[PDB]
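> my sequence and its experimental structure, below.
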Amino acid sequence: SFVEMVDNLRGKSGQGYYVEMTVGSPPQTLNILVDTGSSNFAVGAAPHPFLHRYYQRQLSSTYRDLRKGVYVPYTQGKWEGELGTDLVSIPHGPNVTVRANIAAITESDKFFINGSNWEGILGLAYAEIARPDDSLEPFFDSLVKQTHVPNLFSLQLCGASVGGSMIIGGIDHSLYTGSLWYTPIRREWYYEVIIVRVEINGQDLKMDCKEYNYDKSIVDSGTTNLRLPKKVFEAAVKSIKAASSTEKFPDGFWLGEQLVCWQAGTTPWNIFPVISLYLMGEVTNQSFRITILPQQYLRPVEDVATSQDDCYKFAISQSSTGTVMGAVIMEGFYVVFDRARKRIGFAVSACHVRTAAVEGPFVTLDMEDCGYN
Ligand SMILES: CCCCNC(=O)[C@H](C)C[C@H](O)[C@H](Cc1ccccc1)NC(=O)[C@@H]1CCC[C@H](C(C)(C)NC(C)=O)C1
């Protein structure tokens with residue numbers, strides 16, 4: 001019954017999507033951010049200025065202390081805590097219960113966001129990148145092994161308050177339109193894929209495709225923006241600045257720091273070009289592309305003066321650790337993390353809240369060489 005999982009996600013724009021879960025006995029309810037960019041399941045287990053509530057191990061009879069510490073650093077933010085196991089369930093998900101590893105966060109820095117509504121994080125990636133090491137089985141692996149839930153999940157993240165769906169164990173045909181296109185997972189650690197071509201405003205970036213995946217390209221629901229390697233980021237911004245030459249924006253805008261407003265309903269979408277990302281396909285020399293609209297990479301933010309002007313932020317930033325296809329990229333699509341077949345599927349999302357596209361086939365030679373080594 002995937003229908004019961006539809007809309008099981010929510011959150012605030014730019015602060016991630018979270019799902020409700022329960023841990024321990026009796027069940028303790030908490031909101032957990034869905035992160036395909038990590039592999040650790042962790043929850044606040046101690047007081048914190050931004051935590052509405054937290055996991056109380058003492059109150060759980062099924063709690064088991066592993067007597068081992070843990071530290072996890074992200075692109076932004078970090079925490080440390082005590083490892084242990086307990087019973088976990090997902091109210092608006094599969095009707096099952098499993099014992100999984102849980103990191104009880106005792107201390108953190110720039111991790112919890114003031115007013116996010118979530119008190120934990122669910123790393124959905126592979127054990128390979130779990131801390132302290134790959135012997136700490138990730139939550140999804142425990143779920144699949146302890147239950148009959150198929151080895152895959154799908155995410156439908158809807159743009160701007162924000163909502164979405166995490167279908168655990170399968171694909172929900174009502175969450176997308178058109179056909180699903182699959183790209184191979186290059187290696188099972190992060191959900192790594194290979195970008196074989198990039199176009200902006202219909203113009204090819206004419207860069208060595210390896211630059212697009214330096215030093216890797218991952219799909220991360222836990223990162224809001226689209227992050228690009230330095231050299232690719234510079235070329236993208238240049239192309240995007242030109243296409244919107246009709247207008248001028250502060251340098252802070254192009255840094256994702258500042259924000260630009262406009263009269264409610266007067267946002268000049270026509271001046272902002274679409275971005276096409278071509279991904280390695282499933283048959284020889286075959287690829288496909290997903291198109292990202294400005295309505296995606298221009299994240300809407302709170303009005304400065306008063307509710308009357310639509311303000312936005314450039315949701316594209318620079319990266320020194322490879323390409324990151326974040327939420328703004330995932331918003332336009334229904335994304336299938338097909339672990340069982342080591343592939344990720346993309347299809348036009350059913351959530352309207354204009355539209356992005358997924359088209360193929362296209363031809364590209366030596367696709368594997370686009371991957372960085
Ligand atoms: C240990 C081996 C795995 C490490 N993996 C990572 O660091 C990945 C690449 C990034 C994480 O998904 C992280 C998860 C996170 C979510 C919310 C808050 C903090 C961390 N998000 C990031 O590091 C992003 C870095 C850019 C800014 C965003 C922001 C703070 C704005 N939060 C969201 C949800 O976008 C977070």
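Perfect, I can see it now. Numbers count the residues shown, from 1 in each chain.
> residue 3: neighbour count?
By other CB atoms under 10 Å, 9 other residues sit near residue 3. C-betas here are computed from N, CA, C, even on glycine.
> for the helix or strand hosting residue 236, packing partners?
Element membership for residue 236 (DSSP states H and E) is helix 230-243. When contacts are defined as 3 or more CB pairs under 8 Å, 6 or more residues apart in numbering; DSSP states H and E, helix 230-243 sits against strand 195-200, helix 209-212, strand 316-319.
> tell me which of these sits most buried.
Most buried of those, by mean neighbour count (mean count of other CB atoms under 10 Å): strand 195-200, with a mean of 22.
> how far does the helix holding residue 236 sit from the chain's center?
23 Å (CA atoms, centre = their mean, to the nearest Å).
> what comes up buried for that helix?
The neighbour-count check on helix 230-243 (16 or more other CB atoms under 10 Å) flags 232, 233, 235, 236, 237, 239, 240, 243 as buried.
> for stretch 70-77, same thing?
70, 72, 74.
> residue 102: which of the residues you listed is nearest?
residue 70 (10.1 Å; CB to CB).
> so when I look at that closest one, I'm seeing a helix, right?
No: under DSSP: H, G, I helix; E, B strand; the rest coil, residue 70 falls outside any helix and is assigned strand.
> for it, give the beta-bridge partners.
Taking DSSP bridges as the rule, residue 70 bridges to residue 81.
> the buried residues of stretch 70-77 also near the ligand: which ones?
72, 74 (CB under 6 Å from any ligand atom).
> near residue 115, how many other residues are there?
9.
> for the closest residue to residue 281 other than its chain neighbours, the count of nearby residues, please.
With sequence-adjacent residues excluded and distances taken as CB to CB, 6 or more residues apart in numbering, residue 281 is closest to residue 287, at 4.6 Å. Residues lying near residue 287 (other CB under 10 Å) number 23.
> quick one: contacts for residue 287?
196, 197, 278, 279, 280, 281, 360, 361, 362, 363, 364, 367 (CB atoms under 8 Å, 6 or more residues apart in numbering).
> roughly how far apart are the residue positioned nearest the centre of the chain and residue 34?
Centroid-nearest residue in the chain: residue 221, 0.8 Å away (criterion: CA atoms, centre = their mean). Using CB to CB, to the nearest Å, residue 221 is found at 5 Å from residue 34.
> now do residue 296
18 Å.
> picking up where we left off before, okay, and the common contacts of residue 221 and residue 34?
Contacts common to residue 221 and residue 34, judged by CB under 8 Å, 6+ apart, are 16, 17, 124, 155.
> these: which ones sit near the ligand?
residue 16.
> in CSV, list the shared contacts of residue 221 and residue 34 along with neighbour count.
Shown next, in CSV, are the shared contacts of residue 221 and residue 34 (neighbours: other CB atoms under 10 Å):
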residue, neighbour count
16, 25
17, 27
124, 25
155, 24
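> in helices, which of the shared contacts of residue 221 and residue 34 fall?
Of the shared contacts of residue 221 and residue 34, none are assigned to helices by DSSP state H.
> include secondary structure and distance to the ligand when you put the contacts of residue 287 into CSV, please.
Output for the contacts of residue 287, formatted as CSV (DSSP: H, G, I helix; E, B strand; the rest coil; distance: CB to the nearest ligand atom, whole Å):
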residue, secondary structure, distance to the ligand
196, strand, 22
197, strand, 23
278, strand, 22
279, strand, 19
280, strand, 20
281, coil, 25
360, strand, 27
361, strand, 30
362, strand, 28
363, strand, 31
364, coil, 26
367, helix, 24
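> can you flag the buried ones in those residues?
196, 197, 278, 279, 280, 281, 360, 362, 364, 367.
> re earlier: from the shared contacts of residue 221 and residue 34, which land in strands?
residue 155 (DSSP state E).
> tell me the one of the shared contacts of residue 221 and residue 34 nearest residue 225?
residue 16 (11.8 Å).
> my guess is that closest one contacts residue 118. True?
Yes: Residue 16 lies in contact with residue 118 (CB atoms under 8 Å); the separation is 6.9 Å.
> anything in contact with each of the two?
Joint contacts of residue 16 and residue 118 (CB under 8 Å, 6+ apart) are residue 33.
> flag every residue of the stretch 151-300 of the chain that's near the ligand.
Counting by CB under 6 Å from any ligand atom, the residues of the stretch 151-300 of the chain near the ligand are 220, 222, 223, 224.
> assign the third one to helix, strand or coil.
Taking three-state DSSP as the rule, one finds residue 223 in the coil state.
> that one - how many residues pack around it?
25.
> leaving aside the residues next to it on the chain, what's closest to it?
residue 326 (3.8 Å).
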